[PDB]
Structures are given as C-alpha cells and as structure tokens.
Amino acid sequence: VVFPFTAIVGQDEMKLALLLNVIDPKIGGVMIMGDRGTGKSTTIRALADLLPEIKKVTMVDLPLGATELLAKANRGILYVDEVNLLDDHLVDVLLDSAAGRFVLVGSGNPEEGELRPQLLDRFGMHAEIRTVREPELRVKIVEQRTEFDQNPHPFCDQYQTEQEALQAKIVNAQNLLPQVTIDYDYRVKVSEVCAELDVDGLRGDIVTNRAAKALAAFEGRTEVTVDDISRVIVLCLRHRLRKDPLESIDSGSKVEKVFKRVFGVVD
C-alpha cells in the first residue's frame, strides 16, 4: 500500500504538473528539480496507484543503463530518477515518445551538472519543489507520516472517497479534452508571451496551449480562461527563458510579470 495522493500536502505546483500530464500525456512530461528533496518518489507512486484500470496502470523506473524499458510503459508512467547523467541521446528519444504515449517524469540532482540546456527545453513542464514553509503545515506532514507508518489502512480509508472523487475528475477531464477550445485572442496573446520571453522555438507555445486546455478540462469547462493560462504558464515557460545573464530576476517571476502585462491582469 502507498501513501494516498490526495493526502500529500504542500506540493500543489508539482501535483498540478503531474495531473495535467495524466490528462494530456502529449504535454511532454515533467522535470522535477526540487533541490529540496522531500516526497518525490512517493508522490509519483501515489498518482499511479490513483489512476483507473483500462489491467492496472503500470509505473516503470529508469534504473541501470539499458540501451534498448519502454515495453511495459505504454499507457502508463515512466520515472527516470536521475536523468542528469542518463546517457546523452536516450533522453532525446523518450522526449519524442512522450510528445506524439506515456507520462514522462524526470528528476535530477543539484550540483551534479544541471540539465544541459538542449535536453531540458524538451521537457513539457518544470516543477520545482520547495519544502513547506508554513510551520503548522510542516507539523501536519510529520504527524501524517508516522500516523501512516503505524496504521496504513485506517489512513488510506480516511481518504477513500477523496481519492475516488479525484479519480473520476481525471476520467472526466480525459473525456472532455477534445471539446476544450481556446479563443483566438487568448491563443495569440499566449504566443506574444512566448515571443517576449524569447523562447527557443514554438514548443513553449504548444505546451502552454495543451496545458491550459487540460486544466480547463480538469475543472469541467470547455473554454480556456485567462486564469487557466495563469496557473500553467510558469510551469510551461520558466525553463524556456532566454534571459541575459545580467538579470538577477527569478525565472518564474519573469514569466508571471510578462504574462500579467500581455493579458492585462490586475492582482
């Protein structure tokens, strides 16, 4: 038995990136660079255990150096725990196999050679993990972990209806995605943000659109909204920045700043 996904607290940005990829695997996978390592392996297992069967969904790990495990990985999840030194070309093929049919998930180690700029831009979204800063939230996690370690089944049962409610929303979102439309004016202003961010190519334009539709589908709507784009654009474009080294500005803050201007958002 694995820690229930709906009980993981304090990782909202990473749970969003994983949920949107389950809804639209053509987003291109998630690169998880949480320099603060905490709840990385167990979150991805919780999400696999949460998905419905169609045979149960299978999660595959990227260990060893097999040249070629994409066999048992179709219509599933593939986790490469340390893709910071995993060959050099095998990474290229997996990023293609995810953008045309599985959920690519990658993790890295800080100070071991930060993702080479040619292989990180091909990742759909870039989710960073920062350890929870709210004190009473940190206490709740610790109190939850020992409470789970002592009595797994009373814990998993406590979240049983919340897991099923989220399980149905994933299915509904997958079913509704074909009807989800984004207005032309929004689709254009998304590209304006990609241009003003000096994104290398059009992949950033493509992922933001696929992500915004997948989020709107998740929330049971068929028209992409300005707020829908707001919640996915940092995940999609912050690792696609081409900023001058003379700038001390946060990448995620640069995308939010440019997004708010182009769309005219007052916070």
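Counting begins at 1, following the sequence as shown.
- From residue 117 to residue 118, how many deposited residues does the entry skip: none, 1 to 3, 4 to 9, or 10 or more? Unresolved stretch here: none.
- Item | Unmodelled stretch of the deposited sequence separating residue 68 from residue 69, binned as none, 1 to 3, 4 to 9 or 10 or more | Per the record, 10 or more deposited residues are absent between residue 68 and residue 69.
- Message: Mean CA temperature factor from the deposited coordinates, higher in 41-49 or in 232-240?
- Response: Mean C-alpha B-factor is greater for 41-49.
- Query: On average, which has the higher Cα B-factor in the deposited entry, 30-38 or 203-211?
  - Reply: The entry gives the higher C-alpha B-factor average to 30-38.
- Query: Which one of 147, 192, 162, 112 shows the top CA temperature factor in the record?
  - Reply: The C-alpha B-factor peaks, among 147, 192, 162, 112, at 112.
- Message: Looking at the C-alpha B-factor values in the deposited entry, which of 10, 245, 25, 252 comes out highest?
- Response: In this record, 245 carries the highest C-alpha B-factor of the candidates.
- Message: Please place residue 106 in the lowest, middle or highest third of its chain according to the CA B-factor in the PDB entry.
- Response: Middle third by C-alpha B-factor.
- Among modelled residues of the same chain, the CA temperature factor third for residue 174: Lowest third - that is where residue 174 ends up once the chain's C-alpha B-factors are sorted.
- Name the third of the chain's ranked CA B-factors that contains residue 187, choosing lowest, middle or highest. Its C-alpha B-factor belongs to the middle third of this chain's values.
- Item | Cα B factor band for residue 61 (lowest, middle or highest third within the chain) | Top third by C-alpha B-factor.
- Message: Ranking every modelled residue in this chain by its Cα temperature factor as given in the entry, which third contains residue 98?
- Response: CA B-factor rank for residue 98: highest third.
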